[PDB]
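File shown: protein.cif. Contents: mmCIF, C-alpha atoms.
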```cif
data_upload
loop_
_atom_site.label_atom_id
_atom_site.label_comp_id
_atom_site.auth_asym_id
_atom_site.auth_seq_id
_atom_site.Cartn_x
_atom_site.Cartn_y
_atom_site.Cartn_z
CA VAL F 1 0.00 0.00 0.00
CA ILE F 2 2.86 2.48 0.66
CA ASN F 3 6.31 3.36 -0.64
CA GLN F 4 9.83 3.80 0.70
CA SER F 5 9.48 7.58 1.15
CA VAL F 6 6.31 7.01 3.22
CA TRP F 7 7.98 5.14 6.05
CA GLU F 8 11.13 7.24 5.54
CA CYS F 9 8.95 10.24 6.37
CA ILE F 10 6.94 8.68 9.24
CA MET F 11 9.46 6.64 11.29
CA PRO F 12 11.14 9.44 13.39
CA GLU F 13 7.76 10.88 14.51
CA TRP F 14 6.78 7.50 15.97
CA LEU F 15 10.28 7.11 17.42
CA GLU F 16 10.21 10.53 19.16
CA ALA F 17 6.78 9.68 20.56
CA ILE F 18 8.02 6.39 21.99
CA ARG F 19 11.28 8.06 23.12
CA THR F 20 10.20 11.29 24.84
CA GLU F 21 7.14 10.68 27.01
CA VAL F 22 6.73 6.89 27.16
CA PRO F 23 8.10 5.11 30.27
CA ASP F 24 10.86 2.99 28.77
CA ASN F 25 10.80 0.40 31.58
CA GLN F 26 8.03 -1.61 29.80
CA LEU F 27 9.63 -2.30 26.41
CA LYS F 28 9.98 -6.06 26.86
CA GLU F 29 7.55 -6.87 24.03
CA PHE F 30 8.78 -4.17 21.62
CA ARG F 31 11.89 -6.18 20.61
CA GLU F 32 9.74 -8.62 18.61
CA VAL F 33 7.86 -6.07 16.45
CA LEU F 34 10.83 -3.69 16.20
CA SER F 35 13.12 -6.53 15.14
CA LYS F 36 10.61 -7.54 12.45
CA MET F 37 10.81 -3.93 11.30
CA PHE F 38 14.61 -3.92 11.45
CA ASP F 39 15.71 -7.45 10.43
CA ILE F 40 16.22 -8.16 6.73
CA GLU F 41 14.94 -11.74 6.67
CA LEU F 42 12.09 -11.25 9.15
CA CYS F 43 10.04 -8.87 6.94
CA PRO F 44 10.24 -9.75 3.21
CA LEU F 45 10.43 -6.14 1.98
CA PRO F 46 13.69 -5.36 0.11
CA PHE F 47 15.35 -3.72 3.12
CA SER F 48 18.69 -1.86 2.90
CA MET F 49 21.48 -0.54 5.13
CA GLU F 50 21.06 3.01 3.79
CA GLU F 51 17.34 3.65 3.29
CA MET F 52 16.52 2.25 6.74
CA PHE F 53 18.53 4.93 8.61
CA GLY F 54 18.69 7.63 5.95
CA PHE F 55 16.76 10.20 7.93
CA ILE F 56 19.42 9.99 10.58
CA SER F 57 22.18 10.08 7.92
CA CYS F 58 20.89 13.32 6.37
CA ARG F 59 21.49 14.93 9.79
CA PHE F 60 24.93 13.27 10.10
CA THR F 61 26.40 14.67 6.86
CA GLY F 62 26.74 18.27 8.04
CA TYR F 63 23.92 19.23 10.42
CA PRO F 64 25.17 20.54 13.81
CA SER F 65 25.20 18.89 17.25
CA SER F 66 21.85 20.44 18.31
CA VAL F 67 20.00 17.79 16.31
CA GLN F 68 22.79 15.18 16.52
CA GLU F 69 22.39 14.94 20.32
CA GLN F 70 18.77 13.82 19.97
CA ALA F 71 19.77 11.67 16.95
CA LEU F 72 22.25 9.74 19.06
CA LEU F 73 19.54 9.59 21.71
CA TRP F 74 17.36 7.69 19.20
CA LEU F 75 20.33 5.42 18.47
CA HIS F 76 20.76 4.89 22.23
CA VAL F 77 17.06 4.14 22.93
CA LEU F 78 17.11 1.90 19.84
CA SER F 79 20.25 -0.09 20.83
CA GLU F 80 18.98 -0.77 24.42
CA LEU F 81 16.38 -3.04 22.74
CA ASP F 82 18.78 -5.51 21.02
CA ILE F 83 18.92 -4.01 17.53
CA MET F 84 21.63 -5.83 15.56
CA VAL F 85 23.56 -3.58 13.15
CA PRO F 86 26.43 -4.51 10.79
CA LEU F 87 29.59 -2.99 12.22
CA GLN F 88 30.98 -1.20 9.14
CA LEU F 89 27.81 0.88 8.81
CA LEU F 90 28.18 2.20 12.36
CA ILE F 91 31.93 2.76 11.95
CA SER F 92 31.54 4.62 8.64
CA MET F 93 28.52 6.61 9.83
CA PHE F 94 30.17 7.63 13.10
CA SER F 95 33.35 8.57 11.24
CA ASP F 96 31.32 10.75 8.86
CA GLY F 97 29.59 12.31 11.87
CA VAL F 98 32.78 13.06 13.77
CA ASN F 99 34.58 14.55 10.76
CA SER F 100 31.50 16.65 9.92
CA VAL F 101 31.26 18.00 13.48
CA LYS F 102 35.06 18.45 13.51
CA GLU F 103 34.76 20.63 10.40
CA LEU F 104 31.88 22.49 12.07
CA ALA F 105 33.99 22.94 15.23
CA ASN F 106 36.80 24.36 13.09
CA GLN F 107 34.17 26.66 11.54
CA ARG F 108 33.14 27.71 15.07
CA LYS F 109 36.78 28.38 16.00
CA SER F 110 37.02 30.60 12.91
CA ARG F 111 33.75 32.35 13.81
CA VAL F 112 35.65 34.25 16.52
CA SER F 113 38.55 34.73 14.06
CA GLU F 114 36.78 35.48 10.77
CA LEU F 115 39.47 38.06 9.99
CA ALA F 116 42.21 35.72 11.24
CA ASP F 117 28.91 22.04 19.80
CA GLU F 118 31.19 21.96 22.85
CA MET F 119 29.01 20.03 25.33
CA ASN F 120 28.61 17.46 22.53
CA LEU F 121 31.57 15.54 23.92
CA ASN F 122 29.23 14.78 26.81
CA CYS F 123 27.04 13.19 24.15
CA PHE F 124 30.14 11.47 22.74
CA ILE F 125 30.39 9.53 26.01
CA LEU F 126 27.04 8.04 25.07
CA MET F 127 28.37 7.52 21.55
CA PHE F 128 31.23 5.47 22.99
CA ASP F 129 28.87 3.73 25.45
CA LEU F 130 26.54 2.84 22.51
CA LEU F 131 29.54 1.37 20.63
CA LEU F 132 29.93 -0.97 23.59
CA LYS F 133 26.32 -2.14 23.01
CA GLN F 134 27.22 -3.55 19.57
CA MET F 135 30.29 -5.10 21.17
CA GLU F 136 27.88 -6.46 23.76
CA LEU F 137 25.74 -7.77 20.89
CA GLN F 138 28.24 -8.95 18.26
CA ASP F 139 31.82 -9.22 19.54
CA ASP F 140 31.51 -11.36 22.68
CA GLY F 141 34.75 -13.31 22.30
#
```

Could you write out this structure as structure tokens?
Amino acid sequence: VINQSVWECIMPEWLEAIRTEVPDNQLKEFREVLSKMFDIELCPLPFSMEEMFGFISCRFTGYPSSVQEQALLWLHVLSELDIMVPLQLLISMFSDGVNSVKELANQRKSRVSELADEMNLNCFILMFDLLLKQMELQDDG
């Protein structure tokens, strides 16, 4: 009944609703439905590693840390429910994010020196912590 752009447009609204004001201590049953959304062989739609998380990726390739903090909050609230990702996607996507925000931080350092964001490292703790989740899922020995 629907297309790829449909669920690409309507997934983060549902995810902010389940993130922000839902008590996240009763998500024991969500890892069945959410995995059938997010596993390739569970739902027989032609799923991909780019179109599935592309709405996050459009904010990773040059949008600032104001929206990236809540983006990594969705990745955090998503990983706490056993969401299995391939590792090279996370490594490449986090590398693109850190070089984009490093270029933006160099742009901020030249905003006080045009003639000649910073609390996001507190969110980078959670970025590192999240990385440990996929090690806790995939690389267990």

The PyMOL selection byres ((chain F and resi 133) around 12) applied to the shown file, residues as a tab-separated table (two decimals) with C-alpha atoms, keeping the file's coordinate frame:
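Written file, selection.tsv:
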```
chain	number	residue	atom	x	y	z
F	75	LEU	CA	20.33	5.42	18.47
F	76	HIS	CA	20.76	4.89	22.23
F	77	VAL	CA	17.06	4.14	22.93
F	78	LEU	CA	17.11	1.90	19.84
F	79	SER	CA	20.25	-0.09	20.83
F	80	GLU	CA	18.98	-0.77	24.42
F	81	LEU	CA	16.38	-3.04	22.74
F	82	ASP	CA	18.78	-5.51	21.02
F	83	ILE	CA	18.92	-4.01	17.53
F	84	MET	CA	21.63	-5.83	15.56
F	85	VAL	CA	23.56	-3.58	13.15
F	87	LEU	CA	29.59	-2.99	12.22
F	90	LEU	CA	28.18	2.20	12.36
F	126	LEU	CA	27.04	8.04	25.07
F	127	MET	CA	28.37	7.52	21.55
F	128	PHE	CA	31.23	5.47	22.99
F	129	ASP	CA	28.87	3.73	25.45
F	130	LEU	CA	26.54	2.84	22.51
F	131	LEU	CA	29.54	1.37	20.63
F	132	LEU	CA	29.93	-0.97	23.59
F	134	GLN	CA	27.22	-3.55	19.57
F	135	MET	CA	30.29	-5.10	21.17
F	136	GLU	CA	27.88	-6.46	23.76
F	137	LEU	CA	25.74	-7.77	20.89
F	138	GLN	CA	28.24	-8.95	18.26
F	139	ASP	CA	31.82	-9.22	19.54
F	140	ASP	CA	31.51	-11.36	22.68
```

Inset, instruction - Write out as a VMD selection string the residues lying within 10 Å of range 38-47 of chain F, counting only C-alpha atoms and excluding same-chain residues fewer than 4 positions away. - result: chain F and resid 4 31 to 34 51 to 52 83 to 85

Inset, instruction - Compile the contact shell of residue 60 in chain F as number ranges by chain: residues with an atom at most 12 Å away, counting only C-alpha atoms, same-chain residues fewer than 6 positions apart removed. - result: F: 53-54, 66-72, 90, 92-102, 104

Legend entry - Straight-line distance linking CA of residue 23 in chain F with CA of residue 36 in chain F, stated in Å to one decimal: 22.0 Å

Legend entry - Selected residue of minimal separation from residue 62 in chain F among F:107, F:50, F:86, F:91, counting only C-alpha atoms: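 Comparing F:107, F:50, F:86, F:91 against residue 62 in chain F, the winner is F:107.
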
Inset, instruction - Go ahead and compute the interatomic distance for CA of residue 28 in chain F and CA of residue 15 in chain F, in Å to one decimal. - result: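 Separation between CA of residue 28 in chain F and CA of residue 15 in chain F: 16.2 Å.
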
Legend entry - Between CA of residue 49 in chain F and CA of residue 88 in chain F, distance in Å (one decimal): 10.3 Å

Inset, instruction - Find the residue from F:89, F:123, F:1, F:73 that sits nearest to residue 16 in chain F; use all atoms listed in the file when measuring. - result: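 Selected residue with least distance to residue 16 in chain F: F:73.
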
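When only C-alpha atoms are used to compute distances to residue 119 in chain F, the closest of the residues F:65, F:5, F:48, F:106 turns out to be F:65.
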
Inset, instruction - Would you please work out which residue, of F:115, F:110, F:124, F:74, is nearest to residue 19 in chain F when using all atoms listed in the file? - result: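 Selected residue with least distance to residue 19 in chain F: F:74.
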